[PDB]
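Student: Next input, structure requested:
(2 chains)
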Amino acid sequence: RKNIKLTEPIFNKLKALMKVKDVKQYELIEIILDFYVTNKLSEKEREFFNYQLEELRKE
Amino acid sequence: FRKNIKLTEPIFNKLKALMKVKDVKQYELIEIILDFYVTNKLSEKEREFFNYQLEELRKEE
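Tutor: Numbering: from 1, shown residues only, chains lettered A, B, ... in the order given. And now the structure:
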């Protein structure tokens, strides 16, 4: 429901990466989220992420 | 904050869940996952074009 507020340097980096790929803005956020979840969280961090995500979907 | 973005429900839910795993503000989390992707997933040619656009968005201010 609410917008997500960004600083101008962060908005600029999102717009620049938008140019590089060929995707809608929210689709880009999902790609980079997924990439971070898969390649940067520990095993236990990712299990808690999955858990939290399942809780939000029943909220 | 002048700038903002909208997200669909499913993407917003993934951003909120990752917020609960890290301990940073929304805009910081966005930056962290942007930078991680830029550094690790872009080829050298995409990265060059990313840096150029970033210089172009600076000029056009």
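Student: and residue A:25, how many residues sit next to it?
Tutor: For residue A:25, the count of nearby residues is 14 (other C-beta atoms under 10 Å in any protein chain shown). C-beta coordinates here come from the backbone N, C-alpha and C atoms, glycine included.
Student: any idea which helix or strand carries the closest residue to residue A:33 other than its chain neighbours?
Tutor: In this structure, residue A:33 finds its nearest non-sequential neighbour in residue B:14, 5.1 Å apart by C-beta to C-beta, 6 or more residues apart in numbering or on different chains. Residue B:14 is part of helix B:9-21, with elements assigned from DSSP states H and E.
Student: residues touching the one residue sitting closest to the centre of chain A, list them.
Tutor: In chain A, the residue lying closest to the centroid (C-alpha atoms, centre = their mean) is residue A:33, at 3.2 Å. With contact taken as C-beta atoms under 8 Å, 6 or more residues apart in numbering or on different chains, residue A:33 is in contact with B:11, B:14, B:15, B:18, B:33.
Student: what about the helix holding residue B:14, distance to the chain center?
Tutor: 14 Å (C-alpha atoms, centre = their mean, to the nearest Å).
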